[PDB]
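Presented as structure tokens, the chain that follows is alone, the form deposited in one PDB entry.
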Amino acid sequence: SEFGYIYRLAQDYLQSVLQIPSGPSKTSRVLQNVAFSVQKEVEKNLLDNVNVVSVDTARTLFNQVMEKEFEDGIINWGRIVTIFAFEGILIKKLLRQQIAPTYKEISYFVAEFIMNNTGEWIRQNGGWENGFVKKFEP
């Protein structure tokens, strides 16, 4: 439910990256706008010499990059938006390099990280609808 909210955010962001067909919530559309901006820059600043052949590789890649994104233990909405930006980067490299034909599997370990590492802060700072949306909405 709390997890299930973040899973929907992650699933929505995935469906937008893959350009897949109601409609996301305002919260989700606001997140997708800011996340895709960050994604464009992060993919720029980095990834080639690593082949994402498996969803277990993208999960392993995700933990490696995000444990470094939060090393100092400081968190803010900008860092949390970078989580979704990196999920989009891994989907793209997965779609290309998967030695295989998984939407659900990626949404899950993105939500697991957010829930298990930022859930308390997100709540204490307004949640998605009273903290993130209020800060990033037009």
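Start at 1 and count along the sequence shown; that's the residue number.
There is also a form solved in complex with a partner chain; it is not shown, and the following applies to it.
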Query raised in the report: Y7: heavy atom within 4.5 Å of the partner chain in the deposited complex?
Result: no
**Report entry** Touches the partner chain in the deposited complex: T82 (any heavy atom, 4.5 Å)
**Finding:** yes
Report task. Answer with yes or no whether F86 is in contact with the partner chain in the deposited complex, where contact means some heavy atom within 4.5 Å. Result -> yes
**Report entry** Non-hydrogen atom contact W77 with the partner chain in the deposited complex at 4.5 angstroms
**Finding:** yes
Query - Candidate site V38, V65 and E71: all three near the partner chain in the deposited complex by heavy atom within 4.5 Å - result: yes
